[PDB]
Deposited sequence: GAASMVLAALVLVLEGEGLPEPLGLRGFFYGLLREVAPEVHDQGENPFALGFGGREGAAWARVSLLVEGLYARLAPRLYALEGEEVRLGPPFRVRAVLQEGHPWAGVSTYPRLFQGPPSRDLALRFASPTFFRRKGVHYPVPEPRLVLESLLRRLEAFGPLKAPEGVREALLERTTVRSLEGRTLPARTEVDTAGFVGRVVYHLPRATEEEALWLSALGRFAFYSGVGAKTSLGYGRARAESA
């Protein structure tokens, strides 16, 4: 029950573009085989990188060999890039784990999340850019239950979606440039579940850990909703 976030370190002028990255990824999916992956990209010009998250084993085993085979090779992610390395560790945004390990802990009443790219949500046939507890966490829990081994008990789900508040928020909305008339939140938000039982706190820490892989909200396949947990 492995999960993986593979970082492609890129050599080339310019920066990767979401439509190119997604289309390029879809090519590999056609060749090689709710979304069980997510995409991202980041860094500055000349120090850019792309990332592929894989949320189910079938996909890791299918795609990972195929990302490795591109080391040293030139791909198009908008502009042309030389993939200098495929990283599973040694990059802040690269990692590998298992589902059970998401439940490591320690359990905490608080969950600090950094939103590294514009995050928004589909709601009432509209894109909403505010990182409200219930959105962040329903989104995370929906995917974790979809690809993980556990279904949250109903009381726990209730606690997370109906009870979690915000302790602190810091940030701003930015344009989502692939979209018409859509903004997304960037910055930091610390969520707090009061009266959290140990189990609830555990589930909350797990959702926080899963965010790093699955990301948060809508159009993660375009690199939106890229998030990670912090101390």
Which deposited-sequence positions, grouped into ranges, are missing C-alpha coordinates?
1 to 4, 38 to 44, 243
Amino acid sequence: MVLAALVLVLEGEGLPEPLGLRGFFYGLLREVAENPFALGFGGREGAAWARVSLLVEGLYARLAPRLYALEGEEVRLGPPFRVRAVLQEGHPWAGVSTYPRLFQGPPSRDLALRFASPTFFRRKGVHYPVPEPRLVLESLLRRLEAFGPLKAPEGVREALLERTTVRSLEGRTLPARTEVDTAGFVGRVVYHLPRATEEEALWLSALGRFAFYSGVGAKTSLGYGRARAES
From here on, numbers count along this sequence of modelled residues.
Taking the recorded C-alpha temperature factors, which stretch has the higher mean, 169 to 177 or 45 to 53?
45 to 53
If you average the Cα B factors in the entry, which is higher, 13 to 21 or 212 to 220?
13 to 21
In the PDB entry, which of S139, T98, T119, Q104 has its C-alpha at the highest B-factor?
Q104
Using the temperature factors in the entry, find which of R114, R143, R123, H91 has the highest value at its Cα atom.
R123
Sorting the chain's modelled residues by C-alpha B-factor, tell me whether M1 ends up in the lowest, middle or highest third.
highest
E132: which third of its chain by C-alpha temperature factor?
lowest
Taking the C-alpha B-factors as the PDB entry records them, is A206 in the lowest, middle or highest third of its chain?
middle
Third of chain Cα B-factors occupied by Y191
middle
According to the PDB entry, is the CA B factor of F37 in the bottom, middle or top third of its chain, that is, lowest, middle or highest?
middle
